[PDB]
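K.L.:
Okay, so here is work-v4.pdb, and as you'll see once you scroll down, it has PDB, C-alpha atoms and all ligand atoms.
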```pdb
ATOM      1  CA  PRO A   2      64.645  46.120 112.186  1.00  0.00           C
ATOM      2  CA  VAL A   3      62.237  48.352 114.245  1.00  0.00           C
ATOM      3  CA  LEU A   4      61.086  50.109 111.002  1.00  0.00           C
ATOM      4  CA  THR A   5      59.477  48.130 108.152  1.00  0.00           C
ATOM      5  CA  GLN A   6      60.227  49.124 104.510  1.00  0.00           C
ATOM      6  CA  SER A   7      58.333  48.437 101.265  1.00  0.00           C
ATOM      7  CA  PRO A   8      59.597  45.443  99.231  1.00  0.00           C
ATOM      8  CA  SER A   9      62.441  45.735  96.673  1.00  0.00           C
ATOM      9  CA  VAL A  10      61.335  47.153  93.288  1.00  0.00           C
ATOM     10  CA  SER A  11      62.412  47.081  89.591  1.00  0.00           C
ATOM     11  CA  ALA A  12      61.463  49.984  87.277  1.00  0.00           C
ATOM     12  CA  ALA A  13      62.558  51.402  83.913  1.00  0.00           C
ATOM     13  CA  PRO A  14      64.351  54.760  83.425  1.00  0.00           C
ATOM     14  CA  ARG A  15      62.237  57.982  83.813  1.00  0.00           C
ATOM     15  CA  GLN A  16      59.656  56.077  85.988  1.00  0.00           C
ATOM     16  CA  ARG A  17      58.531  57.409  89.417  1.00  0.00           C
ATOM     17  CA  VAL A  18      59.368  55.031  92.303  1.00  0.00           C
ATOM     18  CA  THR A  19      58.144  55.529  95.876  1.00  0.00           C
ATOM     19  CA  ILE A  20      59.759  53.622  98.762  1.00  0.00           C
ATOM     20  CA  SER A  21      57.752  53.668 102.026  1.00  0.00           C
ATOM     21  CA  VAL A  22      58.527  52.909 105.665  1.00  0.00           C
ATOM     22  CA  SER A  23      56.167  52.238 108.590  1.00  0.00           C
ATOM     23  CA  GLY A  24      57.001  52.714 112.270  1.00  0.00           C
ATOM     24  CA  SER A  25      55.262  53.495 115.522  1.00  0.00           C
ATOM     25  CA  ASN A  26      54.077  56.566 117.441  1.00  0.00           C
ATOM     26  CA  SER A  27      57.343  56.677 119.459  1.00  0.00           C
ATOM     27  CA  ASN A  28      59.672  56.769 116.358  1.00  0.00           C
ATOM     28  CA  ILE A  29      58.272  58.066 113.004  1.00  0.00           C
ATOM     29  CA  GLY A  30      55.203  59.437 114.888  1.00  0.00           C
ATOM     30  CA  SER A  31      57.425  61.734 117.022  1.00  0.00           C
ATOM     31  CA  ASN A  32      60.732  62.165 115.079  1.00  0.00           C
ATOM     32  CA  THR A  33      61.836  63.214 111.597  1.00  0.00           C
ATOM     33  CA  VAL A  34      63.026  60.609 109.084  1.00  0.00           C
ATOM     34  CA  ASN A  35      66.437  60.388 107.354  1.00  0.00           C
ATOM     35  CA  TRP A  36      67.104  58.411 104.155  1.00  0.00           C
ATOM     36  CA  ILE A  37      70.458  56.624 103.533  1.00  0.00           C
ATOM     37  CA  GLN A  38      71.603  55.480 100.060  1.00  0.00           C
ATOM     38  CA  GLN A  39      74.191  52.703  99.506  1.00  0.00           C
ATOM     39  CA  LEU A  40      75.381  52.437  95.883  1.00  0.00           C
ATOM     40  CA  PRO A  41      76.925  49.078  94.779  1.00  0.00           C
ATOM     41  CA  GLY A  42      80.411  48.608  96.363  1.00  0.00           C
ATOM     42  CA  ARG A  43      80.230  52.060  98.065  1.00  0.00           C
ATOM     43  CA  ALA A  44      79.821  53.253 101.681  1.00  0.00           C
ATOM     44  CA  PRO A  45      76.277  54.272 102.753  1.00  0.00           C
ATOM     45  CA  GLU A  46      75.759  58.089 102.506  1.00  0.00           C
ATOM     46  CA  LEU A  47      73.061  60.521 103.727  1.00  0.00           C
ATOM     47  CA  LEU A  48      70.460  61.148 100.988  1.00  0.00           C
ATOM     48  CA  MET A  49      67.660  63.022 102.775  1.00  0.00           C
ATOM     49  CA  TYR A  50      67.028  64.328 106.307  1.00  0.00           C
ATOM     50  CA  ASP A  51      64.372  66.119 108.372  1.00  0.00           C
ATOM     51  CA  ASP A  52      61.759  64.132 106.265  1.00  0.00           C
ATOM     52  CA  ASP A  53      62.006  66.335 103.113  1.00  0.00           C
ATOM     53  CA  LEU A  54      65.472  68.006 102.813  1.00  0.00           C
ATOM     54  CA  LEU A  55      68.246  66.892 100.416  1.00  0.00           C
ATOM     55  CA  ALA A  56      71.688  66.233 101.940  1.00  0.00           C
ATOM     56  CA  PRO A  57      74.445  68.382 100.356  1.00  0.00           C
ATOM     57  CA  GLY A  58      75.228  67.323  96.752  1.00  0.00           C
ATOM     58  CA  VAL A  59      72.108  65.092  96.383  1.00  0.00           C
ATOM     59  CA  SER A  60      69.976  65.237  93.174  1.00  0.00           C
ATOM     60  CA  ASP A  61      66.650  67.131  93.431  1.00  0.00           C
ATOM     61  CA  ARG A  62      65.005  64.112  91.680  1.00  0.00           C
ATOM     62  CA  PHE A  63      64.660  62.798  95.293  1.00  0.00           C
ATOM     63  CA  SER A  64      61.807  64.006  97.555  1.00  0.00           C
ATOM     64  CA  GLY A  65      60.593  62.795 100.983  1.00  0.00           C
ATOM     65  CA  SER A  66      57.489  63.086 103.162  1.00  0.00           C
ATOM     66  CA  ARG A  67      56.299  62.015 106.652  1.00  0.00           C
ATOM     67  CA  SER A  68      52.670  61.575 107.853  1.00  0.00           C
ATOM     68  CA  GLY A  69      51.639  59.825 111.079  1.00  0.00           C
ATOM     69  CA  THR A  70      53.841  56.669 111.500  1.00  0.00           C
ATOM     70  CA  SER A  71      54.610  56.526 107.729  1.00  0.00           C
ATOM     71  CA  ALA A  72      57.303  58.145 105.574  1.00  0.00           C
ATOM     72  CA  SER A  73      58.187  57.928 101.892  1.00  0.00           C
ATOM     73  CA  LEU A  74      61.080  58.613  99.513  1.00  0.00           C
ATOM     74  CA  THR A  75      60.103  59.369  95.902  1.00  0.00           C
ATOM     75  CA  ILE A  76      62.548  59.222  92.953  1.00  0.00           C
ATOM     76  CA  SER A  77      60.805  61.222  90.247  1.00  0.00           C
ATOM     77  CA  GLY A  78      62.857  60.476  87.107  1.00  0.00           C
ATOM     78  CA  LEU A  79      64.573  57.117  87.728  1.00  0.00           C
ATOM     79  CA  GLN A  80      68.133  56.799  86.313  1.00  0.00           C
ATOM     80  CA  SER A  81      70.772  53.963  86.273  1.00  0.00           C
ATOM     81  CA  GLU A  82      72.842  55.735  88.994  1.00  0.00           C
ATOM     82  CA  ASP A  83      69.778  55.322  91.370  1.00  0.00           C
ATOM     83  CA  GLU A  84      70.284  51.503  91.442  1.00  0.00           C
ATOM     84  CA  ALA A  85      70.978  51.084  95.187  1.00  0.00           C
ATOM     85  CA  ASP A  86      69.795  50.022  98.631  1.00  0.00           C
ATOM     86  CA  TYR A  87      67.738  52.700 100.513  1.00  0.00           C
ATOM     87  CA  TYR A  88      67.418  52.686 104.328  1.00  0.00           C
ATOM     88  CA  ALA A  89      65.153  54.749 106.632  1.00  0.00           C
ATOM     89  CA  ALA A  90      66.468  56.036 109.986  1.00  0.00           C
ATOM     90  CA  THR A  91      64.865  57.910 112.866  1.00  0.00           C
ATOM     91  CA  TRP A  92      65.030  58.393 116.631  1.00  0.00           C
ATOM     92  CA  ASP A  93      62.834  56.227 118.893  1.00  0.00           C
ATOM     93  CA  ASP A  94      61.685  58.058 122.084  1.00  0.00           C
ATOM     94  CA  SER A  95      60.784  54.726 123.782  1.00  0.00           C
ATOM     95  CA  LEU A  96      64.176  52.985 122.999  1.00  0.00           C
ATOM     96  CA  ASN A  97      66.085  56.315 123.457  1.00  0.00           C
ATOM     97  CA  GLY A  98      68.176  55.595 120.329  1.00  0.00           C
ATOM     98  CA  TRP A  99      68.378  55.367 116.531  1.00  0.00           C
ATOM     99  CA  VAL A 100      66.221  52.775 114.727  1.00  0.00           C
ATOM    100  CA  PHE A 101      66.417  51.693 111.097  1.00  0.00           C
ATOM    101  CA  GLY A 102      64.500  49.957 108.325  1.00  0.00           C
ATOM    102  CA  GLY A 103      65.770  46.708 106.732  1.00  0.00           C
ATOM    103  CA  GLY A 104      66.398  48.434 103.388  1.00  0.00           C
ATOM    104  CA  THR A 105      64.724  48.503  99.981  1.00  0.00           C
ATOM    105  CA  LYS A 106      66.643  47.675  96.767  1.00  0.00           C
ATOM    106  CA  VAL A 107      65.858  49.690  93.622  1.00  0.00           C
ATOM    107  CA  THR A 108      66.940  47.888  90.379  1.00  0.00           C
ATOM    108  CA  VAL A 109      66.574  49.833  87.085  1.00  0.00           C
ATOM    109  CA  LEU A 110      65.567  48.027  83.772  1.00  0.00           C
TER
ATOM    110  CA  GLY B   1      65.247  77.412 112.711  1.00  0.00           C
ATOM    111  CA  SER B   2      68.059  75.014 113.746  1.00  0.00           C
ATOM    112  CA  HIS B   3      69.366  74.027 110.253  1.00  0.00           C
ATOM    113  CA  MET B   4      72.901  72.992 111.401  1.00  0.00           C
ATOM    114  CA  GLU B   5      71.601  71.074 114.505  1.00  0.00           C
ATOM    115  CA  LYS B   6      69.181  69.024 112.304  1.00  0.00           C
ATOM    116  CA  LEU B   7      71.893  68.235 109.682  1.00  0.00           C
ATOM    117  CA  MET B   8      74.458  67.226 112.382  1.00  0.00           C
ATOM    118  CA  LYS B   9      71.873  64.892 114.034  1.00  0.00           C
ATOM    119  CA  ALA B  10      71.116  63.263 110.648  1.00  0.00           C
ATOM    120  CA  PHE B  11      74.911  62.663 110.112  1.00  0.00           C
ATOM    121  CA  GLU B  12      75.063  61.018 113.603  1.00  0.00           C
ATOM    122  CA  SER B  13      72.319  58.508 112.454  1.00  0.00           C
ATOM    123  CA  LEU B  14      74.374  57.844 109.281  1.00  0.00           C
ATOM    124  CA  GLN B  15      77.531  57.223 111.468  1.00  0.00           C
ATOM    125  CA  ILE B  16      75.601  54.686 113.644  1.00  0.00           C
ATOM    126  CA  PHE B  17      74.227  52.993 110.510  1.00  0.00           C
ATOM    127  CA  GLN B  18      77.827  52.755 109.131  1.00  0.00           C
ATOM    128  CA  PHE B  19      78.959  51.081 112.409  1.00  0.00           C
ATOM    129  CA  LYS B  20      75.989  48.668 112.134  1.00  0.00           C
ATOM    130  CA  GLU B  21      77.310  47.594 108.692  1.00  0.00           C
ATOM    131  CA  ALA B  22      80.867  47.273 110.141  1.00  0.00           C
ATOM    132  CA  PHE B  23      79.494  45.198 113.088  1.00  0.00           C
ATOM    133  CA  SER B  24      77.759  42.961 110.497  1.00  0.00           C
ATOM    134  CA  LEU B  25      81.161  42.428 108.711  1.00  0.00           C
ATOM    135  CA  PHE B  26      82.653  41.179 112.066  1.00  0.00           C
ATOM    136  CA  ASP B  27      79.511  39.114 112.982  1.00  0.00           C
ATOM    137  CA  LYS B  28      79.842  36.735 109.977  1.00  0.00           C
ATOM    138  CA  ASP B  29      77.566  34.389 112.043  1.00  0.00           C
ATOM    139  CA  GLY B  30      74.730  36.967 112.156  1.00  0.00           C
ATOM    140  CA  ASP B  31      74.081  35.839 115.807  1.00  0.00           C
ATOM    141  CA  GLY B  32      74.393  39.482 117.110  1.00  0.00           C
ATOM    142  CA  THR B  33      77.725  38.915 118.935  1.00  0.00           C
ATOM    143  CA  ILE B  34      81.438  39.068 117.963  1.00  0.00           C
ATOM    144  CA  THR B  35      83.457  36.093 119.261  1.00  0.00           C
ATOM    145  CA  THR B  36      87.233  35.656 119.539  1.00  0.00           C
ATOM    146  CA  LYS B  37      86.971  33.544 116.328  1.00  0.00           C
ATOM    147  CA  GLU B  38      85.179  36.300 114.334  1.00  0.00           C
ATOM    148  CA  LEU B  39      87.462  39.075 115.677  1.00  0.00           C
ATOM    149  CA  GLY B  40      90.472  36.903 114.702  1.00  0.00           C
ATOM    150  CA  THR B  41      89.222  36.547 111.110  1.00  0.00           C
ATOM    151  CA  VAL B  42      88.882  40.347 110.827  1.00  0.00           C
ATOM    152  CA  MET B  43      92.323  40.997 112.443  1.00  0.00           C
ATOM    153  CA  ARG B  44      94.026  38.582 110.019  1.00  0.00           C
ATOM    154  CA  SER B  45      92.171  40.215 107.018  1.00  0.00           C
ATOM    155  CA  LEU B  46      94.229  43.237 108.157  1.00  0.00           C
ATOM    156  CA  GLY B  47      97.893  42.225 108.374  1.00  0.00           C
ATOM    157  CA  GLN B  48      97.673  41.081 112.020  1.00  0.00           C
ATOM    158  CA  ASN B  49      98.319  37.821 113.851  1.00  0.00           C
ATOM    159  CA  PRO B  50      97.058  37.868 117.465  1.00  0.00           C
ATOM    160  CA  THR B  51      96.892  34.789 119.729  1.00  0.00           C
ATOM    161  CA  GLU B  52      93.438  33.625 120.887  1.00  0.00           C
ATOM    162  CA  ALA B  53      94.328  35.001 124.392  1.00  0.00           C
ATOM    163  CA  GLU B  54      95.171  38.428 122.862  1.00  0.00           C
ATOM    164  CA  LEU B  55      91.760  38.403 121.024  1.00  0.00           C
ATOM    165  CA  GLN B  56      90.010  37.563 124.334  1.00  0.00           C
ATOM    166  CA  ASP B  57      91.944  40.447 125.977  1.00  0.00           C
ATOM    167  CA  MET B  58      90.684  42.869 123.236  1.00  0.00           C
ATOM    168  CA  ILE B  59      87.113  41.605 123.968  1.00  0.00           C
ATOM    169  CA  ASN B  60      87.511  41.866 127.789  1.00  0.00           C
ATOM    170  CA  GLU B  61      88.548  45.577 127.525  1.00  0.00           C
ATOM    171  CA  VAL B  62      84.978  46.478 126.174  1.00  0.00           C
ATOM    172  CA  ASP B  63      82.949  43.517 127.615  1.00  0.00           C
ATOM    173  CA  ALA B  64      80.526  45.533 129.861  1.00  0.00           C
ATOM    174  CA  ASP B  65      78.026  42.677 130.598  1.00  0.00           C
ATOM    175  CA  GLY B  66      80.941  40.149 131.038  1.00  0.00           C
ATOM    176  CA  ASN B  67      79.537  37.366 128.731  1.00  0.00           C
ATOM    177  CA  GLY B  68      83.008  37.146 126.980  1.00  0.00           C
ATOM    178  CA  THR B  69      81.687  38.354 123.498  1.00  0.00           C
ATOM    179  CA  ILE B  70      81.088  41.816 121.893  1.00  0.00           C
ATOM    180  CA  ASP B  71      77.563  43.191 121.275  1.00  0.00           C
ATOM    181  CA  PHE B  72      76.764  46.337 119.247  1.00  0.00           C
ATOM    182  CA  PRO B  73      77.013  48.930 122.102  1.00  0.00           C
ATOM    183  CA  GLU B  74      80.354  47.427 123.310  1.00  0.00           C
ATOM    184  CA  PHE B  75      81.486  47.445 119.625  1.00  0.00           C
ATOM    185  CA  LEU B  76      80.664  51.232 119.590  1.00  0.00           C
ATOM    186  CA  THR B  77      82.867  51.756 122.702  1.00  0.00           C
ATOM    187  CA  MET B  78      85.683  49.703 120.991  1.00  0.00           C
ATOM    188  CA  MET B  79      85.430  51.871 117.797  1.00  0.00           C
ATOM    189  CA  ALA B  80      85.259  55.135 119.897  1.00  0.00           C
ATOM    190  CA  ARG B  81      88.738  54.447 121.399  1.00  0.00           C
ATOM    191  CA  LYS B  82      90.208  53.367 118.019  1.00  0.00           C
ATOM    192  CA  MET B  83      88.817  56.454 116.133  1.00  0.00           C
TER
HETATM  193 CA    CA C 201      78.787  36.119 115.705  1.00  0.00          CA
HETATM  194 CA    CA C 202      79.577  41.319 126.050  1.00  0.00          CA
END
```
As a first step, turn the structure in this file into structure tokens.
Ligand SMILES: [Ca+2]
Ligand SMILES: [Ca+2]
P.N.:
Amino acid sequence: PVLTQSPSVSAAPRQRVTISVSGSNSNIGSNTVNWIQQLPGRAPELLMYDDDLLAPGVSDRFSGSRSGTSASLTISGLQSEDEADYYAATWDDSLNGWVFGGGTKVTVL
Amino acid sequence: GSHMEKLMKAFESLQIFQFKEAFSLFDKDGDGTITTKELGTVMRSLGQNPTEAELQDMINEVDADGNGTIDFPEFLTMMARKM
């Protein structure tokens, strides 16, 4: 994976969890970040785009940011339905194509 | 702003990611290529029963570099024509 994500995390309901991703000047440094959510046994879906916008239908408990070569997805009030794998995506100007993180699992206690 | 352009680009990245996961389901090796053997396993998970030569022929129709196996970009061309 060209992007590197923060390690998988376990947290209790109502906790704040922040997943981070780290890239390079040519990808996250120059292009906006999308977040993809894959719930257990479901297809991956778009969760956030343009760094900080919610995809249609997505809970406003999610927020995103981008600074330099880093980006982050915050889940403010963690709930059972958030148990999932989260992937970062962006464009890479040097590879002329989409690049991805290796995913971060959120497990809720 | 360019609201619809940004959203449509994001959905393109989600479509590529979805193909990456599909590729991974073919590439049960994880070696980054789809062989006749792996393609055959997927085709028979569907109802189908191709010969090894027919599987090679499916490969050859998208084999751009000519190494006799399918890599991710060639897989994208194969899915383009199907979809
Ligand atoms: Ca393989
Ligand atoms: Ca090939």
K.L.:
Compute the set of protein, DNA and RNA residues whose minimum atom distance to ligand CA 201 (chain C) is at most 7 Å, using all atoms listed in the file, and state it as a ChimeraX atom specification.
P.N.:
/B:27-35,38
K.L.:
Using all atoms listed in the file, which residues have at least one atom no more than 7 Å from ligand CA 202 (chain C)? Output them as a ChimeraX atom specification.
P.N.:
/B:63-71,74
K.L.:
Counting all atoms listed in the file, which residues of chain A come no farther than 10 Å from chain B, as a PDB file with C-alpha atoms, in the coordinates of the input?
P.N.:
```
ATOM      1  CA  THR A  33      61.836  63.214 111.597  1.00  0.00           C
ATOM      2  CA  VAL A  34      63.026  60.609 109.084  1.00  0.00           C
ATOM      3  CA  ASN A  35      66.437  60.388 107.354  1.00  0.00           C
ATOM      4  CA  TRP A  36      67.104  58.411 104.155  1.00  0.00           C
ATOM      5  CA  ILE A  37      70.458  56.624 103.533  1.00  0.00           C
ATOM      6  CA  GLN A  38      71.603  55.480 100.060  1.00  0.00           C
ATOM      7  CA  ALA A  44      79.821  53.253 101.681  1.00  0.00           C
ATOM      8  CA  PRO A  45      76.277  54.272 102.753  1.00  0.00           C
ATOM      9  CA  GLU A  46      75.759  58.089 102.506  1.00  0.00           C
ATOM     10  CA  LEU A  47      73.061  60.521 103.727  1.00  0.00           C
ATOM     11  CA  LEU A  48      70.460  61.148 100.988  1.00  0.00           C
ATOM     12  CA  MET A  49      67.660  63.022 102.775  1.00  0.00           C
ATOM     13  CA  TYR A  50      67.028  64.328 106.307  1.00  0.00           C
ATOM     14  CA  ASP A  51      64.372  66.119 108.372  1.00  0.00           C
ATOM     15  CA  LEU A  54      65.472  68.006 102.813  1.00  0.00           C
ATOM     16  CA  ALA A  56      71.688  66.233 101.940  1.00  0.00           C
ATOM     17  CA  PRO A  57      74.445  68.382 100.356  1.00  0.00           C
ATOM     18  CA  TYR A  88      67.418  52.686 104.328  1.00  0.00           C
ATOM     19  CA  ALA A  89      65.153  54.749 106.632  1.00  0.00           C
ATOM     20  CA  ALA A  90      66.468  56.036 109.986  1.00  0.00           C
ATOM     21  CA  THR A  91      64.865  57.910 112.866  1.00  0.00           C
ATOM     22  CA  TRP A  92      65.030  58.393 116.631  1.00  0.00           C
ATOM     23  CA  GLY A  98      68.176  55.595 120.329  1.00  0.00           C
ATOM     24  CA  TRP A  99      68.378  55.367 116.531  1.00  0.00           C
ATOM     25  CA  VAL A 100      66.221  52.775 114.727  1.00  0.00           C
ATOM     26  CA  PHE A 101      66.417  51.693 111.097  1.00  0.00           C
TER      27      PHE A 101
END
```
K.L.:
Give me the residues within 8 Å of residue A:72 as a short mmCIF file (atom, residue, chain, number, x, y, z; two decimals) with C-alpha atoms, in the frame of the given file, counting all atoms listed in the file and dropping any in the same chain fewer than 2 places off.
P.N.:
```cif
data_model
loop_
_atom_site.label_atom_id
_atom_site.label_comp_id
_atom_site.auth_asym_id
_atom_site.auth_seq_id
_atom_site.Cartn_x
_atom_site.Cartn_y
_atom_site.Cartn_z
CA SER A 21 57.75 53.67 102.03
CA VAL A 22 58.53 52.91 105.66
CA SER A 23 56.17 52.24 108.59
CA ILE A 29 58.27 58.07 113.00
CA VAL A 34 63.03 60.61 109.08
CA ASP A 52 61.76 64.13 106.26
CA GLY A 65 60.59 62.80 100.98
CA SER A 66 57.49 63.09 103.16
CA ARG A 67 56.30 62.02 106.65
CA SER A 68 52.67 61.58 107.85
CA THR A 70 53.84 56.67 111.50
CA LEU A 74 61.08 58.61 99.51
#
```
K.L.:
Tell me which residues the PyMOL selection byres (((chain A and resi 13) around 10) and not hetatm) grabs here, as a list in words.
P.N.:
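Written out, the selection comes to residues 11, 12, 14, 15, 16, 17, 18, 78, 79, 80, 81, 108, 109 and 110 of chain A.
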K.L.:
Expressed in Å to a single decimal, how great is the separation between atom CA of residue B:5 and atom CA of residue A:2?
P.N.:
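Value for the atom CA of residue B:5-atom CA of residue A:2 distance: 26.0 Å.
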K.L.:
Can you work out the spacing between atom CA of residue B:1 and atom CA of residue A:64 in Å, to one decimal?
P.N.:
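Rounded to one decimal, the two atoms are 20.5 Å apart.
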K.L.:
How far is it from atom CA of residue A:83 to atom CA of residue A:31, in Å with one decimal?
P.N.:
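Computing it gives 29.2 Å between the two atoms.
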K.L.:
So, counting all atoms listed in the file, which residue among A:85, A:63, A:40, A:73 is closest to residue A:105?
P.N.:
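So, comparing all the options, the nearest one is A:85.
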K.L.:
Check the smallest atom-to-atom distance from each of A:60, A:77, A:71, A:9 to residue A:28 using all atoms listed in the file, then report the winner.
P.N.:
A:71
K.L.:
Leaving out residue B:51 and any residue of its chain fewer than 2 positions from it, which residues lie within 12 Å of it when counting only C-alpha atoms, given as a PyMOL selection string?
P.N.:
chain B and resi 36-37+39-41+43-44+48-49+53-58
K.L.:
Need the axis-aligned box for stretch 39-52 of chain B with 5 Å each side, so what are the centre and edges in Å to one decimal, as AutoDock Vina command-line options?
P.N.:
```
--center_x 92.9 --center_y 38.4 --center_z 114.0 --size_x 20.9 --size_y 19.6 --size_z 23.9
```
K.L.:
Hey, which of A:59, A:26, A:42, A:10 ends up closest to residue A:95? Count only C-alpha atoms.
P.N.:
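Distance minimum relative to residue A:95 lands on A:26.
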K.L.:
Which one is closest to residue A:5: A:32, A:76, A:93, A:103? Count only C-alpha atoms.
P.N.:
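For residue A:5, the nearest of the given residues is A:103.
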K.L.:
Could I get stretch 57-70 of chain A rebuilt with N, CA, C and O atoms, written as a PDB file, keeping the file's coordinate frame?
P.N.:
```pdb
ATOM      1  N   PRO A  57      73.602  67.659 101.308  1.00  0.00           N
ATOM      2  CA  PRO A  57      74.445  68.382 100.356  1.00  0.00           C
ATOM      3  C   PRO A  57      74.912  67.493  99.203  1.00  0.00           C
ATOM      4  O   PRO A  57      75.316  66.391  99.452  1.00  0.00           O
ATOM      5  N   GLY A  58      74.777  67.990  97.981  1.00  0.00           N
ATOM      6  CA  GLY A  58      75.228  67.323  96.752  1.00  0.00           C
ATOM      7  C   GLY A  58      74.165  66.437  96.144  1.00  0.00           C
ATOM      8  O   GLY A  58      74.404  65.951  95.049  1.00  0.00           O
ATOM      9  N   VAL A  59      73.056  66.150  96.843  1.00  0.00           N
ATOM     10  CA  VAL A  59      72.108  65.092  96.383  1.00  0.00           C
ATOM     11  C   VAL A  59      71.211  65.680  95.292  1.00  0.00           C
ATOM     12  O   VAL A  59      70.783  66.866  95.431  1.00  0.00           O
ATOM     13  N   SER A  60      70.884  64.874  94.288  1.00  0.00           N
ATOM     14  CA  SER A  60      69.976  65.237  93.174  1.00  0.00           C
ATOM     15  C   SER A  60      68.596  65.646  93.692  1.00  0.00           C
ATOM     16  O   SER A  60      68.015  64.916  94.548  1.00  0.00           O
ATOM     17  N   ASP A  61      68.002  66.649  93.065  1.00  0.00           N
ATOM     18  CA  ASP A  61      66.650  67.131  93.431  1.00  0.00           C
ATOM     19  C   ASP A  61      65.592  66.242  92.764  1.00  0.00           C
ATOM     20  O   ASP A  61      64.422  66.581  92.865  1.00  0.00           O
ATOM     21  N   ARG A  62      65.970  65.113  92.165  1.00  0.00           N
ATOM     22  CA  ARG A  62      65.005  64.112  91.680  1.00  0.00           C
ATOM     23  C   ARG A  62      64.430  63.365  92.895  1.00  0.00           C
ATOM     24  O   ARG A  62      63.440  62.663  92.727  1.00  0.00           O
ATOM     25  N   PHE A  63      65.119  63.413  94.025  1.00  0.00           N
ATOM     26  CA  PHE A  63      64.660  62.798  95.293  1.00  0.00           C
ATOM     27  C   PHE A  63      63.729  63.770  96.030  1.00  0.00           C
ATOM     28  O   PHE A  63      64.045  64.953  96.180  1.00  0.00           O
ATOM     29  N   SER A  64      62.634  63.258  96.587  1.00  0.00           N
ATOM     30  CA  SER A  64      61.807  64.006  97.555  1.00  0.00           C
ATOM     31  C   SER A  64      61.314  63.048  98.635  1.00  0.00           C
ATOM     32  O   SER A  64      61.250  61.860  98.368  1.00  0.00           O
ATOM     33  N   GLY A  65      61.017  63.574  99.811  1.00  0.00           N
ATOM     34  CA  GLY A  65      60.593  62.795 100.983  1.00  0.00           C
ATOM     35  C   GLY A  65      59.400  63.415 101.671  1.00  0.00           C
ATOM     36  O   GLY A  65      59.167  64.647 101.537  1.00  0.00           O
ATOM     37  N   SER A  66      58.606  62.588 102.335  1.00  0.00           N
ATOM     38  CA  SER A  66      57.489  63.086 103.162  1.00  0.00           C
ATOM     39  C   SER A  66      57.337  62.222 104.403  1.00  0.00           C
ATOM     40  O   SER A  66      57.916  61.088 104.463  1.00  0.00           O
ATOM     41  N   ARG A  67      56.615  62.760 105.392  1.00  0.00           N
ATOM     42  CA  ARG A  67      56.299  62.015 106.652  1.00  0.00           C
ATOM     43  C   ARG A  67      54.852  62.336 107.051  1.00  0.00           C
ATOM     44  O   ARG A  67      54.446  63.491 106.979  1.00  0.00           O
ATOM     45  N   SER A  68      54.033  61.331 107.336  1.00  0.00           N
ATOM     46  CA  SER A  68      52.670  61.575 107.853  1.00  0.00           C
ATOM     47  C   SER A  68      52.321  60.462 108.828  1.00  0.00           C
ATOM     48  O   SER A  68      52.411  59.292 108.432  1.00  0.00           O
ATOM     49  N   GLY A  69      51.955  60.823 110.055  1.00  0.00           N
ATOM     50  CA  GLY A  69      51.639  59.825 111.079  1.00  0.00           C
ATOM     51  C   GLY A  69      52.863  58.948 111.320  1.00  0.00           C
ATOM     52  O   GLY A  69      53.916  59.490 111.515  1.00  0.00           O
ATOM     53  N   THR A  70      52.719  57.616 111.261  1.00  0.00           N
ATOM     54  CA  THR A  70      53.841  56.669 111.500  1.00  0.00           C
ATOM     55  C   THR A  70      54.457  56.249 110.156  1.00  0.00           C
ATOM     56  O   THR A  70      55.218  55.260 110.126  1.00  0.00           O
TER      57      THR A  70
END
```
